[PDB]
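Student: Protein chains in written order, with the numbering used here: chain U, 1 to 53; chain X, 1 to 468; chain L, 1 to 466; chain S, 1 to 480. Mind looking over this structure? Questions follow.
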Amino acid sequence: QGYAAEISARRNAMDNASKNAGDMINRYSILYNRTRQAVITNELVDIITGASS
Amino acid sequence: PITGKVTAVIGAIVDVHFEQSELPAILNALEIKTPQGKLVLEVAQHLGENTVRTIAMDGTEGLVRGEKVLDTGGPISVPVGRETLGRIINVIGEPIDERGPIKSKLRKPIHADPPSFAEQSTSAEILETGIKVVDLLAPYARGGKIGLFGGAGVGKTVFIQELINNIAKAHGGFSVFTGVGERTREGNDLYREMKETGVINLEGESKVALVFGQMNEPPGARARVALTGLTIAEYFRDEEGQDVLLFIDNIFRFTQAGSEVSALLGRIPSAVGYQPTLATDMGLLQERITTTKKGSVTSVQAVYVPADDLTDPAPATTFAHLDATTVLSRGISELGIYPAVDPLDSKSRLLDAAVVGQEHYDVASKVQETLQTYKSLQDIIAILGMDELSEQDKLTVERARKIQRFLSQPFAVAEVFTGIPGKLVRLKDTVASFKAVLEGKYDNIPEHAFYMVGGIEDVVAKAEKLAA
Amino acid sequence: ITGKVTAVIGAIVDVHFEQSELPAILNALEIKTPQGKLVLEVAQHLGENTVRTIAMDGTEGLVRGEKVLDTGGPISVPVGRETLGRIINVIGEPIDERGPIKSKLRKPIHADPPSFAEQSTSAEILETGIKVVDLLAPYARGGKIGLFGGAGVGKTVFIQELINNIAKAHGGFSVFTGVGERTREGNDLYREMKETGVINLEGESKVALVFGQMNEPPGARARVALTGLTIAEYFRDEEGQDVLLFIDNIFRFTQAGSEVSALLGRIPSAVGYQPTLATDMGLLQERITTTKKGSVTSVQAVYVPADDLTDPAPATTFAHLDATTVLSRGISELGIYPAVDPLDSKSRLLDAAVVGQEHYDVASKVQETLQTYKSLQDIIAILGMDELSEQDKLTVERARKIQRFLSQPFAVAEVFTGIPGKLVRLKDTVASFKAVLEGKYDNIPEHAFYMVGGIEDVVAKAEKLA
Amino acid sequence: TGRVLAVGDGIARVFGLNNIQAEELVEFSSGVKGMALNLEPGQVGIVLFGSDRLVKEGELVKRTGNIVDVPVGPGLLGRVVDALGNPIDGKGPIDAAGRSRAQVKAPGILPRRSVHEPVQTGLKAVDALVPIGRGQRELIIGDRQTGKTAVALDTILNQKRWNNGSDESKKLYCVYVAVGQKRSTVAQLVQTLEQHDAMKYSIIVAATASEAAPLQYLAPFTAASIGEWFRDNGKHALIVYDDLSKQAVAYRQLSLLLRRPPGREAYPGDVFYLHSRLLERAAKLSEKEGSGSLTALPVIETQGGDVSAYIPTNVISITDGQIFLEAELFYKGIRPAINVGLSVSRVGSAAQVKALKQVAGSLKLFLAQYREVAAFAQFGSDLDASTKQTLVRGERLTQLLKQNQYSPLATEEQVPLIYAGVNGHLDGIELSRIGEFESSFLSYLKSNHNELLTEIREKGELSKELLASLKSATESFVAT
Ligand SMILES: Nc1ncnc2c1ncn2[C@@H]1O[C@H](COP(=O)(O)OP(=O)(O)OP(=O)(O)O)[C@@H](O)[C@H]1O
Ligand SMILES: Nc1ncnc2c1ncn2[C@@H]1O[C@H](COP(=O)(O)OP(=O)(O)O)[C@@H](O)[C@H]1O
Ligand SMILES: [Mg+2]
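Dropping the structure here:
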């Protein structure tokens, strides 16, 4: 009985872990997009400053 | 006539010097005769000293300083009217189908003002496409902008041709298809498939006029070709009082061509590299697509999303103008459901009780709820079998599957490739059918009696034939 | 032909020639100063008889209107056997205080790459005596070898051990170029090479030294690589020798090019590098080639800023190399020196037609084992090795043994270790790794493979532990 | 004529040259050439093809009158030429049918035809799962040293089968473009092609690393102009750009030293219009226009595998598909290391050989299932029988798609192997010896069932009886 309960509990625990991992993936995907845009903008500003003198 | 001389050739940018007070206004088209025909320069700036800076709509290679330039006296002028139907047109309005000249009585500037605030429609309203899923769950705005998402292998082209056919049959309005910066090969495939389908018909009447500026065109042509197509559509609106369709594939490349053009003129690029004029450059195109007292132009815009980043300034700016979205999905195609429109990702601002009416809104909301609950149950339904859920869950799963199958529809254009007769289903019967399905009036019917049929009458007929 | 200085801005000096015959670009100009002659290299013609030049020495103390002499050609450095065992700066003057270089000839540092018809192809494998290199990335005689690595991963120790193993045995003369590196390490190298008899202050010697260390202006750090390259070219084309051209550090050539480009006012490219990065690197690199007159082998240490191999400088360098030995911080933090990345390091010659099918098979199986182990590490970090299948357990354990077996005690490292250095033959390396792959030493504990020589040392150390 | 005002960074500003055309060639008194990219009200910005040491202020410049153009014709076959068509192999002068400009408009909407003929890439993976059609433009994209040039070179080498024949409608002439590669690599490529007798139908346009930026910029365009001769005269051609990243770098150099406005990653604003102008010239022409075609295989290098970079994004947008090579697979021993999930040919099945289409249809499904189930291999202690069998089959299919370099297989040699793999006959064979199976199986067929191979080659289809015979042969072999 303890074995059956433990296997079911581990199943549910890994389900919860997968939910949480998906949520974290969404958060850091948003953060990655923001950082990508920021990097492009800052490097382009540097290039423009070098060009405009 | 008024004639200047070229003085500087830098890439696709050409400077032209005119004698005193002869200057062409901005956006004017200037013509240079070359062995390859006319090269058209669009005026972009006045540099003083009676000099203007202009964008070349074709390759500047071979130009010499002092090459004389003739001012046409107005913006790029393109032919309009029914003589354009079935023809292929480039940005400057010349035919590229080699069927000869476009003998239209009129020519119209591609640059024109949007309708004034007093001329706008006071109320939003639905344009029925004759497609059950679209008209139920993502109703199109009359004179609005509809973003189309998808790609290869999801039936996008046949869906577009079905829109062209259904709008023409139901509402009598012609269509204009614009290829903004997309592959030449895909444009040829579209032309061939349209001739096969019959929306283009060289021997007789045809339903769509085509404008193409391909990837190999300079940035300026890829920028202005969308306005060329829009200008053809606006004529059918204003002068013939029709509910026209304007397809734009791809709007992202309108934005990208605008970015390139802004970079060439030396303007300081804005965030993540896009043009500083991004928002108003988009607005000048989008705000001409609107309903007026005489008719409307409804735009279906295939929108690419770079890096799948919905926050990128290009898709971010584009979505501000979209009234609805149609999401073609390969997942739905793998279910065998065509047109393969995703019932839940497809969304519309107009799916609101005050616009469509409370009955339609109730039916659509319950269809969405049924499909969403089924989607949430799917994994446990697979694991435990459909019988393991409650009686209400099992009922809703069966009804959800029947509804999902019922959202399929045989298109009159695809009939050529499949033999199955097409169906054009108007909105009242669609609402009635899905309402009756939600009320369980047809729950005893087998699932595949709902597959590839018209309204509920065809459901009854097919169930009868399957019972016999 | 003489002119006058008109503008001094940092390392950039403008000169004006009233005589209306300007020096051609890359010409050397000379200014007499209390510190000797200051050498300027012409970089541009600005119009109105004005030329813009890059200083090879400190410009402080320059005065407007100061007279400048045109040498009539590019920076000219002494060549030939008279330069062996002597240290030369970029402008070609000795800095070892042993008096003038007696060369019969001085030649320009700027010259054309050999034409296409002159190119000669060689597949001669260069045995280094290093297990990981000889196995997974064998070097090519007449080719280019790149030691990629960030700060403190071991490029200097590795290249010193390479000098020990190769330069002693290779019959042909060598040239070592300190392009803008640390003077401390250059002095250490000079002392070591005097100790080991590669340099000799009496009689014959077989390495020529060029140094442009990093305290010098950007232009000197740019042109010192060409100064060394020209002596290597003289040994190749005019003596018919097979030549070794050791270079550290190529990243300094790129960085000095960036500095001079920025000073000249060129619009900076991505992450600030000069627009001409790719063509500058090409002009430097593909002068270093094996013509039908002789072969110029080159070993090139490349600093990788922020350990980022995607940076435009390493990324540009990679395209020119026949064998890459990518040092890795991660491998070093495991303690596995010399810390070459067994997977990122790659060689043009690791082909069964060149090294034979047995060597190729052993190398390929080692790569497969290490890559499988790396893939499984992602799971082991969570669940350990207990959950893995017995096949997976066995392959992971053999992978760990192999990974530690790639380590080797260098002689140069006897200041960083007490272990006597050892040199392992290629044949013995192949035999050892074949034996480990086949599982003949599954019964050996992992630590017996650490910092040992061939498999014989594995057996001996396993017994010593037991 | 004109007088040089200033010289630097490989750019020469010239007073005069009033009648010069944009992009026209000019000859300096020292003999070095350039092309007039910038026309300005009082000066011309020439980009030099040689080192600027050869040009100094006040020098006289001669106008050539010719826009940049290159010799074209079949006389180039078997020759190595620079970007301007000057021979560099050291052999005799280039005999040419004519001379054509570097830059010309791609064929319009009407003259083209839908791609319907295969480009016989001799690689099992490419031919079976991501096929290429004549007139298609298929990206080869990947990281440093991942086998990209190996894939293109195997595609070039496989044509040896048909280019010996008499039927010009099947023969495929190959153009290879070396941009930014060191001359030693091009020399070894030439020796590799001569070793396999592949030069008699190949052309190599080389703009190597030290050659000035303008030549690296022009080389793809001029090589495409070489291919367009075959295209327009009804013959079939294949052009490999190796690689477009370095062409973009050279164009960035030109633009920045001309001080044209930069853009993202400091590239000029219209860098998209470079590769779109270059690649849209690949086309399949209709019967009226001569039925010819020009297939393009642009190579692209992604730093760290970043496909989101500017130039990779542009080229991925422009092309009809991609063959994606991943270093992780290369290290595992899966070579030529094609990542099947990311690799897509949007023209796809229409170009594929019918006999190969019949058997390879399900290979895609099985490999997709294997890719989904791969994570379970580390948990083999409890596998659902479906997952276990899926893993067993997918492992052997992946092992079968491995292929040695310079070893292209004929279509009738690929069909039996993929048939055996798909239909599960390999399940009884130990994985470690799948490589022994394939070479053995073919050697069996070509001695015991050569009728089947000949029929597959001649007809190109697996008729039902022929398919049953193939099954019988496969089982007759696997029994031993
Ligand atoms: N199918 C294969 N089997 C074995 N080795 C291969 C195979 N394909 C490529 N290689 C090896 O991979 C290495 C790199 O191959 P290749 O030169 O084609 O790469 P590339 O991606 O074009 O590289 P680069 O970025 O340097 O141009 C070479 O050693 C080549 O021998
Ligand atoms: N064979 C070796 N044994 C132990 N440590 C080594 C060995 N080779 C290099 N190292 C390590 O490398 C470090 C110095 O590397 P060095 O080459 O000076 O850095 P750089 O990469 O800047 O040249 C030392 O801390 C030393 O421990
Ligand atoms: Mg390559």
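Positions of the beta carbon are idealized from the N, C-alpha and C atoms, including for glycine.
On a CA-only basis, which of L406(L), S389(L) and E238(L) is nearest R81(L)? Give me that one, please.
Tutor: Position 81 of the third sequence, counted from the start, is the residue given in the question as residue 81(L). Nearest of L406(L), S389(L) and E238(L) to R81(L), Cα basis: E238(L).
Student: Starting from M35(S) and walking both ways along the beta strand (DSSP E), at which residues does that stretch end?
Tutor: Within the fourth sequence, residue 35(S) is the residue found at index 35, counting from 1. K33 to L39 is the extent of the beta strand (DSSP E) around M35(S).
Student: Which residue spans inside the region 358-426 of chain S form an unbroken alpha helix (DSSP H) run of at least 4?
Tutor: Runs found: 385-400 and 411-422.
Student: Drop a sphere of 10 angstroms on the beta-carbon of residue 468(L), count the other beta-carbons inside from all chains shown, and report buried for 16 or more, exposed for fewer.
Tutor: Absent from the model: residue 468(L). The displayed extent of chain L is 1 to 466, so no value can be given.
Student: Measuring alpha carbon to alpha carbon, tell me which residue in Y273(L), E390(L), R252(L) and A232(L) is nearest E216(L).
Tutor: Residue numbering aside, residue 216(L) sits at position 216 when the third sequence is read from its first letter. Closest by alpha carbon: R252(L).
Student: Can you check DSSP and say which residues form a bridge with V151(S)?
Tutor: Here residue 151(S) corresponds to residue number 151 of the fourth sequence, with the count starting at 1. Looking at the DSSP assignment, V151(S) forms no beta bridge with any residue, so it has no partner.
Student: Is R259(S) close to ligand 1? I mean its beta-carbon at under 6 angstroms from any heavy atom of the ligand.
Tutor: Position 259 of the fourth sequence, counted from the start, is the residue given in the question as residue 259(S). Not so, every heavy atom of ligand 1 lies at least 6 angstroms from the Cβ.
Student: Is there contact here, the region 45-55 of chain X with the region 70-81 of chain X, by at least three beta-carbon pairs under 8 angstroms?
Tutor: With the cut-off at 8 angstroms, the region 45-55 of chain X and the region 70-81 of chain X do not touch.
Student: Do the region 202-222 of chain L and the region 134-142 of chain L touch if we need at least three Cβ pairs shorter than 8 angstroms?
Tutor: With the cut-off at 8 angstroms, the region 202-222 of chain L and the region 134-142 of chain L do not touch.
Student: Excluding the 5 residues flanking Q367(L) on each side, which residues of the same chain have their C-beta closer than 8 angstroms to its C-beta?
Tutor: Mapped onto the third sequence, residue 367(L) falls at position 367. Result list for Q367(L): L136, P342 and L343, in chain order.
Student: DSSP state of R52(L), grouped into three classes?
Tutor: Stepping through the third sequence from its first residue, residue 52(L) is reached at position 52. Note: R52(L) maps to strand in three-state DSSP.
Student: So that I know if they touch, is there some Cβ in chain S lying closer than 7 angstroms to that of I13(X)?
Tutor: In the second sequence, the residue the question calls residue 13(X) occupies position 13. It does not: the Cβ of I13(X) has no partner Cβ on chain S nearer than 7 angstroms.
Student: 7 angstroms is my cut-off, CB to CB: does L257(S) come that close to chain L?
Tutor: Residue mapping note: residue 257(S) aligns to position 257 of the fourth sequence, counting from 1. Yes, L257(S) lies at the interface with chain L (some Cβ there is under 7 angstroms from its Cβ).
Student: Since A51(U) meets chain L, which of its residues come closer than 9 angstroms, beta carbon to beta carbon?
Tutor: The residue given as residue 51(U) occupies position 51 in the first sequence. Correct list: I267 and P268.
Student: Listing by chain order, which chain X residues have their CB less than 9 angstroms from the CB of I48(U)?
Tutor: In the first sequence, the residue the question calls residue 48(U) occupies position 48. Those within 9 angstroms of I48(U) in chain X are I268 and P269.
Student: Checking contacts by CB at 7 angstroms: is residue 532(X) closer than that to chain U?
Tutor: Given that chain X is displayed from residue 1 to residue 468, the structure contains no residue 532(X) and the question cannot be resolved.
Student: With distances taken between CB atoms, is the gap from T324(L) to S345(L) smaller than 7 angstroms?
Tutor: Position 324 of the third sequence holds residue 324(L). Position 345 of the third sequence holds residue 345(L). It is a contact, given that the beta carbons lie within the stated cut-off.
Student: Check the Cβ-Cβ distances between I300(S) and every residue of chain L, and say whether any is below 7 angstroms.
Tutor: For this step, residue 300(S) is matched to residue 300 along the fourth sequence. It does not; no Cβ of chain L falls within 7 angstroms.
Student: Rounding to the nearest angstrom, what Cα-Cα distance links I110(X) and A350(S) in this structure?
Tutor: To locate residue 110(X), count along the second sequence from 1; it is residue 110. To locate residue 350(S), count along the fourth sequence from 1; it is residue 350. Cα to Cα, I110(X) sits roughly 39 angstroms from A350(S).
Student: Check the Cβ of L44(U) against every Cβ in chain S and list those closer than 7 angstroms, keeping chain order.
Tutor: Residue 44(U) sits at position 44 when you count from the first residue of the first sequence. Ordered by position in chain S, the residues that pass the 7 angstroms Cβ test against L44(U) are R264.
Student: Decide if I203(S) is buried, meaning its Cβ has at least 16 other Cβ atoms within 10 Å, or exposed.
Tutor: Residue numbering aside, residue 203(S) sits at position 203 when the fourth sequence is read from its first letter. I203(S) comes out buried.
Student: Starting from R184(L), trace the alpha helix (DSSP H) both ways and give me its first and last residue.
Tutor: Numbered from 1 along the third sequence, position 184 holds the residue referred to as residue 184(L). Taken as a continuous stretch (DSSP letters only), the alpha helix (DSSP H) holding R184(L) covers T183 to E195.
Student: Taking 6 angstroms as the cut-off, is the CB of residue 489(L) close to at least one heavy atom of ligand 1?
Tutor: In the structure as shown, chain L begins at 1 and stops at 466. Residue 489(L) is therefore absent and cannot be evaluated.
Student: Residues of the region 40-61 of chain X in Cβ contact with chain S at a cutoff of 8 angstroms, in chain order, please.
Tutor: Against chain S - using a Cβ distance shorter than 8 angstroms - the residues of the region 40-61 of chain X are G59, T60 and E61.
Student: In whole angstroms, what separates the C-alpha of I456(S) from that of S472(S)?
Tutor: Counted from its first residue, the fourth sequence places residue 456(S) at position 456. Counted from its first residue, the fourth sequence places residue 472(S) at position 472. The straight-line gap from Cα to Cα measures roughly 15 angstroms.
Student: What would DSSP say about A170(X), mapped onto helix, strand or coil?
Tutor: Translated into the one-based positions of the second sequence, residue 170(X) becomes position 170. Helix at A170(X).
Student: Please decide whether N19(S) counts as near chain X, where near means a Cβ-Cβ distance under 7 angstroms.
Tutor: Taking the fourth sequence and counting its residues from 1, the one referred to as residue 19(S) is at position 19. For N19(S), the answer is yes, since a Cβ of chain X falls inside 7 angstroms of its Cβ.
Student: Does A24(L) have its Cβ less than 7 angstroms from a Cβ in chain S?
Tutor: If you number the third sequence from 1, residue 24(L) lands on position 24. So, interface residue.
Student: Under 7 angstroms Cβ-Cβ, which residues of chain S neighbour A307(X)?
Tutor: Mapped onto the second sequence, residue 307(X) falls at position 307. The answer, in chain order, is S308.
Student: Name the one or two DSSP bridge partners that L48(S) has.
Tutor: As a working mapping, residue 48(S) is identified with position 48 in the fourth sequence. According to DSSP, which records beta bridges pairwise, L48(S) is partnered with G34(S).
Student: Note down, in chain order, every chain S residue with its Cβ under 7 angstroms from the Cβ of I25(U).
Tutor: As a first step, residue 25(U) must be located in the first sequence, where it is residue number 25. Those do not exist, as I25(U) stays about 16 angstroms from chain S at its closest Cβ, beyond 7 angstroms.
Student: Roughly how many whole angstroms lie between the Cα atoms of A51(U) and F324(S)?
Tutor: Working through the first sequence from its first residue, we reach residue 51(U) at position 51. Working through the fourth sequence from its first residue, we reach residue 324(S) at position 324. Going from the Cα of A51(U) to the Cα of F324(S) covers about 36 angstroms.
Student: By Cβ distance below 6 angstroms, which residues in the same chain neighbour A221(X) in space, the five residues on each side in sequence not counted?
Tutor: What you label residue 221(X) is simply residue 221 of the second sequence in a count that begins at 1. Excluding positions up to five away in sequence, the list reads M57, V91 and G213.
Student: Closest to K427(L) by CA distance: which of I455(L), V15(L) and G439(L) is it?
Tutor: On the third sequence, position 427 is the one that residue 427(L) refers to. Answer by Cα proximity: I455(L).
Student: Against chain X, does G269(S) count as a neighbour if the rule is that its beta carbon must be under 7 angstroms from one of theirs?
Tutor: The count along the fourth sequence starts at 1 and reaches residue 269(S) at position 269. It does; some Cβ of chain X falls within 7 angstroms.
Student: If you follow the alpha helix (DSSP H) that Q255(L) is part of, which residue opens it and which one closes it?
Tutor: What you label residue 255(L) is simply residue 255 of the third sequence in a count that begins at 1. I250 to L264 is the span of the alpha helix (DSSP H), which, as asked, contains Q255(L).
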